[PDB]
Structure formats: structure tokens, C-alpha cells
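Visitor: Here it is: the structure, laid out below.
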Amino acid sequence: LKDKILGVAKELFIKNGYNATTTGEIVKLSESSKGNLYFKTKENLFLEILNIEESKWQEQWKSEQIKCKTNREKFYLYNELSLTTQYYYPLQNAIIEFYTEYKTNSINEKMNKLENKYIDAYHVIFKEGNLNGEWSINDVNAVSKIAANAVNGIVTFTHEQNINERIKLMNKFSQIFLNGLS
Amino acid sequence: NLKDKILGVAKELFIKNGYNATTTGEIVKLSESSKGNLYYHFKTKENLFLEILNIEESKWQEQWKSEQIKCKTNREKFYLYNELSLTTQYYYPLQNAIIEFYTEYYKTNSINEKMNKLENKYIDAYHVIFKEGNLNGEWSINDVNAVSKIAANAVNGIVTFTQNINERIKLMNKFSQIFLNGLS
Ligand SMILES: CCNc1cc2oc3c/c(=[NH+]\CC)c(C)cc-3c(-c3ccccc3C(=O)OCC)c2cc1C
């Protein structure tokens, strides 16, 4: 079908790189043709998968974040869940590889809002945290970008070692980060 | 020198054309050598590439040995190190062949082993900063090895996932400030 493609494309982009998987591989792997595949281009197809996963993850987060009473806990839990989740973070190396290629100003308007979904989770947390008076952050957008990028760092660059080690580190991080604010 | 020339030539080939594009044939003929010699020294292209990365790690470590004199205190060394890691990758030419390589073999497990030995060397930079910082009462960290792994991966996330260079530096410096503050 049409959305037999998006599922296989996703799995290819994870299995191999952005560059390593091509429009020939995906079309061949879905019993289709370039007529079918023509989405616009590879860059769009990819960027649409990015859209799906980023939503799926933020939705999974919203249906799991009630378990965090304070925002201070929401920070730990969000970063913690990021290690375990099935969404978005498994596409990160392809996202790294993708940035180095496309540069092109046509598509990078779309990178502006998808870079802002990525950080909004923290923005909500730090803003609602200043409303709740758990901390005094004057520079939230700065901090939201930092925390987001740190965490993706730990998730991505530790994807090999034991999952409890990873979860241990990530929690020690959140502890050191939040303590840094006060 | 036929080992070092191969690594030299390999490096520049990898830079110009990328990892996947560079063939051992090229590496062989351009360094005035042979498949035999390349096999004897590196076995694979993958391993050759790792040996390059090894030499690069060493040089980075030698650079940092000299650069860290600009930081009297470890608080300062922490700030600086992270900044260098950010600024130097903005114009690090191998970075593309690395990304290519990393993603091409992070599925593969044997390669994944030796990469650890390599990343571990990069973490030591922080281990030393944090160790020495304990001994001068800059902070009190019980779990140094941990916080060193943490620092390293957080810093490299900020570097890898981010637009004008000043804002980046200002951000990274904020992170260093926040992180370093939350140990008191
Ligand atoms: C004049 C500047 N000189 C250097 C700058 C460098 O910048 C680097 C930036 C990086 N990222 C920024 C996005 C990464 C990942 C590795 C880098 C290395 C590096 C490359 C291969 C193996 C190890 C390292 C290394 O330094 O340690 C990591 C194991 C590196 C090496 C040198 C000599």
C-alpha cells in the first residue's frame, strides 16, 4: 500500500544510514514503483517520518507524564523514558548524517518547527516549573536546548552498554543538571 | 614509513571522498605499497580507519596537554575542554568520514568493542579534570568515573546536535556553568 512504504522506510533508515538506504531499496522492499514513491523526494519522505516519530513520542510522553507529580520528577522521567522508548531516538544517527548532507534552504524551514517539538517538552517543564516555583530559570529556551541536547547525547552515544548502567547515568545526570539550576 | 604513509594517504582519501567511497586499491597504489602490506598491518578497511582514529585521538590528547595550561583551575579546564570539542569539530575534516563510519558499523559488534577503547581515552580527559578537582577542593565528587562518562556524552550531544557559532559557544558555556554548579 501507500503506508506500507513509511513503515519499511523507517525500518531501513534505522537499520542502515540516511545515505545507505535509497529510493530503490524502499520501493523494491514495498512491491511498488517510483510512480508510487512519488511523496516528493527522499528528503521529504525522511522528514515526514521524523514528524510521525516526534509526535508519537510526545504523545507517549503525555500519556505517561501524569506519573510525575512535580516538574522536577517530570524532568527525570522524560530523560529516563528517552532511553527506553521506541520512538524518535532510534533515528538519531540518520538525523546526524542527514544534517551533514542537506544546507538546502528549501527544506530547513521544516527543521525549525521539528527542532522546536524536540525542545518543547523541556520548555513546558521549565516554564511550569517557574510557575510552580521549584526553581528560578531566567533563560529557559537556552536551558531547554541544552538539556534536550545533553540527553540525546547520553541516549545516542551510550547505545551499546547495559541498559541499567545507561538508566543509572541518565538519572545521575538529571540530578546534577537540576541541582545546577538552584 | 610504509605503515605511516598508508595511514597518511588513507586519512586524506577518507577526507576527500568519504569512507565508503575510499577503496583499499587507491590506498595501496597512492601510498606506493600493496594489498599484502595493508592486510598484514590492518586486516580490514574498517580496522585501518580505526587506527587512523587512534592516531587522531593521540594528537588531540597531545594538543590538549599543551592547551590546558591556559586553565589554572580544573573548573577552568572543564569549561575550556568542552569549548574546544565544540569549536574544533566545526572544522574537523574527518568528522564526515567518522559519521559515515560510526553509523555504518555501530550495528557491528567487534568494531564496536575497539571504539570503546577509543572513547574511553576521550573520557579520561574529564576523569583527570574531575579527579584533580576533588584533590584541590574545587568540588566533592564520589562517583568520578560516572560523572566523567556523563560530562563526555552530554558535551558531545550539545556539539553533535545543533545557526551562528557564537550562540553555540554561549550555550556550551552555559551548560558547563550549570553542570559544574550542580556539584556543591
Ligand atoms: C586541531 C583539532 N584536532 C582534533 C580535533 C578533533 O575533533 C574531534 C571532534 C569530534 N566531534 C565534534 C562533533 C569528534 C567526535 C572527534 C574529534 C577528534 C577525534 C578524531 C578521531 C578519534 C578521536 C578524536 C578525539 O578527539 O577523541 C574522541 C575519541 C579530533 C581529533 C583532533 C586531533
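In the C-alpha cells, each chain is lettered A, B, ... as it comes, each chain's residues begin at 1, and ligands are numbered from 1 in order of appearance.
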Taking a cut-off of 8 Å and counting only C-alpha atoms and all ligand atoms, can you build a table that, for each residue of chain B near ligand 1, reports the nearest atom pair and how far apart they are in Å (one decimal), sorted by chain then residue number, as a Markdown table?

Guide:
| residue | atom | partner | partner_atom_place_in_ligand_line | distance |
| --- | --- | --- | --- | --- |
| B:52 | CA | ligand 1 | 21 (C) | 7.3 |
| B:53 | CA | ligand 1 | 22 (C) | 3.9 |
| B:54 | CA | ligand 1 | 22 (C) | 5.7 |
| B:55 | CA | ligand 1 | 22 (C) | 7.2 |
| B:56 | CA | ligand 1 | 33 (C) | 4.5 |
| B:57 | CA | ligand 1 | 23 (C) | 3.7 |
| B:58 | CA | ligand 1 | 33 (C) | 7.1 |
| B:59 | CA | ligand 1 | 33 (C) | 4.7 |
| B:60 | CA | ligand 1 | 33 (C) | 3.8 |
| B:61 | CA | ligand 1 | 26 (O) | 7.1 |
| B:63 | CA | ligand 1 | 3 (N) | 7.2 |
| B:85 | CA | ligand 1 | 9 (C) | 5.6 |
| B:86 | CA | ligand 1 | 12 (C) | 5.8 |
| B:87 | CA | ligand 1 | 12 (C) | 7.9 |
| B:88 | CA | ligand 1 | 2 (C) | 5.1 |
| B:89 | CA | ligand 1 | 12 (C) | 3.9 |
| B:90 | CA | ligand 1 | 13 (C) | 6.9 |
| B:92 | CA | ligand 1 | 7 (O) | 5.8 |
| B:94 | CA | ligand 1 | 20 (C) | 7.2 |
| B:95 | CA | ligand 1 | 10 (C) | 6.5 |
| B:98 | CA | ligand 1 | 21 (C) | 7.5 |
| B:115 | CA | ligand 1 | 29 (C) | 7.9 |
| B:118 | CA | ligand 1 | 29 (C) | 5.1 |
| B:119 | CA | ligand 1 | 29 (C) | 4.2 |
| B:120 | CA | ligand 1 | 29 (C) | 7.1 |
| B:121 | CA | ligand 1 | 29 (C) | 6.3 |
| B:122 | CA | ligand 1 | 27 (O) | 4.7 |
| B:123 | CA | ligand 1 | 29 (C) | 7.9 |
| B:156 | CA | ligand 1 | 12 (C) | 6.5 |
| B:159 | CA | ligand 1 | 13 (C) | 5.3 |
| B:160 | CA | ligand 1 | 13 (C) | 4.9 |

Visitor: Only N, CA and C atoms, please: the residues just picked out, written as a PDB file, in the first residue's frame.

Guide:
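File written: selection_15.pdb
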ATOM      1  N   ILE B  52      43.600   5.025  12.169  1.00  0.00           N
ATOM      2  CA  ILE B  52      43.643   6.468  11.927  1.00  0.00           C
ATOM      3  C   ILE B  52      43.053   7.203  13.119  1.00  0.00           C
ATOM      4  N   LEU B  53      41.797   6.906  13.437  1.00  0.00           N
ATOM      5  CA  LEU B  53      41.118   7.463  14.617  1.00  0.00           C
ATOM      6  C   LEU B  53      41.984   7.393  15.886  1.00  0.00           C
ATOM      7  N   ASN B  54      42.750   6.321  16.023  1.00  0.00           N
ATOM      8  CA  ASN B  54      43.645   6.180  17.159  1.00  0.00           C
ATOM      9  C   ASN B  54      44.734   7.235  17.168  1.00  0.00           C
ATOM     10  N   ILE B  55      45.364   7.433  16.022  1.00  0.00           N
ATOM     11  CA  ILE B  55      46.390   8.458  15.889  1.00  0.00           C
ATOM     12  C   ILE B  55      45.790   9.839  16.141  1.00  0.00           C
ATOM     13  N   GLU B  56      44.567  10.058  15.654  1.00  0.00           N
ATOM     14  CA  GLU B  56      43.885  11.339  15.839  1.00  0.00           C
ATOM     15  C   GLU B  56      43.602  11.590  17.310  1.00  0.00           C
ATOM     16  N   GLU B  57      43.133  10.556  18.002  1.00  0.00           N
ATOM     17  CA  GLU B  57      42.881  10.652  19.440  1.00  0.00           C
ATOM     18  C   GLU B  57      44.143  11.085  20.159  1.00  0.00           C
ATOM     19  N   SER B  58      45.257  10.434  19.829  1.00  0.00           N
ATOM     20  CA  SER B  58      46.543  10.744  20.452  1.00  0.00           C
ATOM     21  C   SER B  58      46.922  12.196  20.249  1.00  0.00           C
ATOM     22  N   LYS B  59      46.824  12.666  19.008  1.00  0.00           N
ATOM     23  CA  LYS B  59      47.164  14.051  18.694  1.00  0.00           C
ATOM     24  C   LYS B  59      46.265  14.999  19.468  1.00  0.00           C
ATOM     25  N   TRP B  60      44.984  14.666  19.560  1.00  0.00           N
ATOM     26  CA  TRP B  60      44.055  15.508  20.285  1.00  0.00           C
ATOM     27  C   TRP B  60      44.537  15.608  21.721  1.00  0.00           C
ATOM     28  N   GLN B  61      44.992  14.481  22.248  1.00  0.00           N
ATOM     29  CA  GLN B  61      45.438  14.400  23.630  1.00  0.00           C
ATOM     30  C   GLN B  61      46.725  15.208  23.828  1.00  0.00           C
ATOM     31  N   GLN B  63      47.579  17.824  21.885  1.00  0.00           N
ATOM     32  CA  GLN B  63      47.117  19.210  21.766  1.00  0.00           C
ATOM     33  C   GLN B  63      46.612  19.713  23.116  1.00  0.00           C
ATOM     34  N   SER B  85      36.144  21.112  22.093  1.00  0.00           N
ATOM     35  CA  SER B  85      35.460  19.986  21.483  1.00  0.00           C
ATOM     36  C   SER B  85      34.384  20.488  20.552  1.00  0.00           C
ATOM     37  N   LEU B  86      33.726  21.572  20.956  1.00  0.00           N
ATOM     38  CA  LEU B  86      32.726  22.227  20.122  1.00  0.00           C
ATOM     39  C   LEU B  86      33.352  22.951  18.940  1.00  0.00           C
ATOM     40  N   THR B  87      34.349  23.795  19.198  1.00  0.00           N
ATOM     41  CA  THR B  87      34.898  24.623  18.132  1.00  0.00           C
ATOM     42  C   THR B  87      35.651  23.767  17.126  1.00  0.00           C
ATOM     43  N   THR B  88      36.475  22.840  17.608  1.00  0.00           N
ATOM     44  CA  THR B  88      37.304  22.039  16.695  1.00  0.00           C
ATOM     45  C   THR B  88      36.521  21.109  15.751  1.00  0.00           C
ATOM     46  N   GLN B  89      35.339  20.657  16.142  1.00  0.00           N
ATOM     47  CA  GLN B  89      34.566  19.793  15.257  1.00  0.00           C
ATOM     48  C   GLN B  89      33.852  20.605  14.167  1.00  0.00           C
ATOM     49  N   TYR B  90      33.763  21.924  14.336  1.00  0.00           N
ATOM     50  CA  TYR B  90      33.165  22.794  13.321  1.00  0.00           C
ATOM     51  C   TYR B  90      33.985  22.819  12.044  1.00  0.00           C
ATOM     52  N   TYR B  92      36.548  20.146  11.617  1.00  0.00           N
ATOM     53  CA  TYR B  92      37.290  18.896  11.613  1.00  0.00           C
ATOM     54  C   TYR B  92      36.907  18.124  10.361  1.00  0.00           C
ATOM     55  N   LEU B  94      37.751  15.147   9.058  1.00  0.00           N
ATOM     56  CA  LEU B  94      37.429  13.718   9.158  1.00  0.00           C
ATOM     57  C   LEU B  94      36.017  13.455   9.671  1.00  0.00           C
ATOM     58  N   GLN B  95      35.446  14.424  10.386  1.00  0.00           N
ATOM     59  CA  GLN B  95      34.134  14.269  11.018  1.00  0.00           C
ATOM     60  C   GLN B  95      33.091  13.609  10.111  1.00  0.00           C
ATOM     61  N   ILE B  98      33.940   9.955   9.740  1.00  0.00           N
ATOM     62  CA  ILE B  98      33.649   9.351  11.039  1.00  0.00           C
ATOM     63  C   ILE B  98      32.171   9.017  11.129  1.00  0.00           C
ATOM     64  N   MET B 115      36.077   0.670  19.416  1.00  0.00           N
ATOM     65  CA  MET B 115      35.565   2.032  19.553  1.00  0.00           C
ATOM     66  C   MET B 115      35.438   2.443  21.014  1.00  0.00           C
ATOM     67  N   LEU B 118      38.623   3.478  22.456  1.00  0.00           N
ATOM     68  CA  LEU B 118      38.897   4.799  21.892  1.00  0.00           C
ATOM     69  C   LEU B 118      38.169   5.931  22.618  1.00  0.00           C
ATOM     70  N   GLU B 119      36.855   5.779  22.776  1.00  0.00           N
ATOM     71  CA  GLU B 119      36.023   6.747  23.505  1.00  0.00           C
ATOM     72  C   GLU B 119      36.472   6.840  24.960  1.00  0.00           C
ATOM     73  N   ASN B 120      36.936   5.723  25.509  1.00  0.00           N
ATOM     74  CA  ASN B 120      37.425   5.701  26.880  1.00  0.00           C
ATOM     75  C   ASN B 120      38.608   6.639  27.056  1.00  0.00           C
ATOM     76  N   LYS B 121      39.469   6.721  26.042  1.00  0.00           N
ATOM     77  CA  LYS B 121      40.601   7.638  26.095  1.00  0.00           C
ATOM     78  C   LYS B 121      40.089   9.072  26.174  1.00  0.00           C
ATOM     79  N   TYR B 122      39.056   9.377  25.400  1.00  0.00           N
ATOM     80  CA  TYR B 122      38.480  10.715  25.411  1.00  0.00           C
ATOM     81  C   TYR B 122      37.814  11.046  26.746  1.00  0.00           C
ATOM     82  N   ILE B 123      37.235  10.050  27.408  1.00  0.00           N
ATOM     83  CA  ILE B 123      36.628  10.276  28.721  1.00  0.00           C
ATOM     84  C   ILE B 123      37.688  10.578  29.798  1.00  0.00           C
ATOM     85  N   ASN B 156      29.266  16.044  24.065  1.00  0.00           N
ATOM     86  CA  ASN B 156      29.230  15.636  22.665  1.00  0.00           C
ATOM     87  C   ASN B 156      27.835  15.651  22.052  1.00  0.00           C
ATOM     88  N   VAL B 159      27.423  19.332  21.138  1.00  0.00           N
ATOM     89  CA  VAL B 159      28.231  19.537  19.957  1.00  0.00           C
ATOM     90  C   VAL B 159      27.538  18.948  18.738  1.00  0.00           C
ATOM     91  N   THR B 160      27.194  17.670  18.803  1.00  0.00           N
ATOM     92  CA  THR B 160      26.687  16.964  17.629  1.00  0.00           C
ATOM     93  C   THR B 160      25.281  17.375  17.167  1.00  0.00           C
TER      94      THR B 160
END

Visitor: I need the chain B residues near chain A as a PyMOL selection string; criterion: at most 10 Å, counting only C-alpha atoms.

Guide: chain B and resi 20+95-96+99-100+102-107+109+112-113+116+119+143+146-147+149-162+167-168+170-172+174-184

Visitor: For residue 78 of chain B, work out the shell of residues within 9 Å, counting only C-alpha atoms and skipping chain neighbours fewer than 2 positions away, then give it as an MDAnalysis selection string.

Guide: chainID B and resid 71 73:76 80:83 126 129:130 176 180

Visitor: Might you pull out every residue within 10 Å of residue 58 of chain A, with only C-alpha atoms counted and same-chain residues fewer than 6 positions away left off, and present them as a ChimeraX atom specification?

Guide: /A:64,78,87-88,117-118,120-121

Visitor: Just asking: which residues within chain B are alpha helix (DSSP H) according to DSSP, as a PyMOL selection string?

Guide: chain B and resi 2-17+24-30+35-42+45-67+74-90+95-105+110-135+144-160+165-181

Visitor: Would you work out the distance separating atom CA of residue 163 of chain A from atom CA of residue 46 of chain A, expressed in Å to one decimal?

Guide: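 That distance, rounded to one decimal, is 28.1 Å.
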
Visitor: Within 12 Å of residue 65 of chain A, counting only C-alpha atoms, which residues qualify if same-chain residues fewer than 6 places away don't, as a PDB file with C-alpha atoms, in the first residue's frame?

Guide:
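Wrote part29.pdb, looks like this:
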ATOM      1  CA  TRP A  57       6.970  10.106  21.258  1.00  0.00           C
ATOM      2  CA  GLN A  58       5.500  13.383  22.614  1.00  0.00           C
ATOM      3  CA  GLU A  59       2.095  11.659  22.748  1.00  0.00           C
ATOM      4  CA  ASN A  71       8.049  19.003  37.318  1.00  0.00           C
ATOM      5  CA  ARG A  72      11.409  18.081  38.894  1.00  0.00           C
ATOM      6  CA  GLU A  73      10.249  14.483  38.558  1.00  0.00           C
ATOM      7  CA  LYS A  74       8.915  15.091  35.018  1.00  0.00           C
ATOM      8  CA  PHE A  75      12.484  16.034  34.019  1.00  0.00           C
ATOM      9  CA  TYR A  76      13.977  12.781  35.403  1.00  0.00           C
ATOM     10  CA  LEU A  77      11.209  10.648  33.968  1.00  0.00           C
ATOM     11  CA  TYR A  78      11.272  12.208  30.486  1.00  0.00           C
ATOM     12  CA  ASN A  79      15.036  11.803  30.168  1.00  0.00           C
ATOM     13  CA  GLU A  80      14.746   8.294  31.647  1.00  0.00           C
ATOM     14  CA  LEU A  81      11.981   7.194  29.265  1.00  0.00           C
ATOM     15  CA  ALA A 121       8.819  19.060  26.273  1.00  0.00           C
ATOM     16  CA  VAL A 124       6.800  23.190  29.227  1.00  0.00           C
ATOM     17  CA  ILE A 125       8.671  21.548  32.114  1.00  0.00           C
TER      18      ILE A 125
END

Visitor: Pick out the residues sitting within 9 Å of residue 25 of chain B, and hand them over as a PDB file with N, CA and C atoms, in the first residue's frame; count only C-alpha atoms, and ignore anything fewer than 5 positions along from it in its own chain.

Guide:
ATOM      1  N   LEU B  30      48.383   4.703  -4.194  1.00  0.00           N
ATOM      2  CA  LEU B  30      48.794   6.066  -3.869  1.00  0.00           C
ATOM      3  C   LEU B  30      49.838   6.148  -2.766  1.00  0.00           C
ATOM      4  N   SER B  34      51.077  -2.121  -1.125  1.00  0.00           N
ATOM      5  CA  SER B  34      50.385  -3.313  -1.618  1.00  0.00           C
ATOM      6  C   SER B  34      49.297  -3.802  -0.669  1.00  0.00           C
ATOM      7  N   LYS B  35      48.323  -4.501  -1.252  1.00  0.00           N
ATOM      8  CA  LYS B  35      47.243  -5.172  -0.527  1.00  0.00           C
ATOM      9  C   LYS B  35      47.813  -6.065   0.577  1.00  0.00           C
TER      10      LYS B  35
END
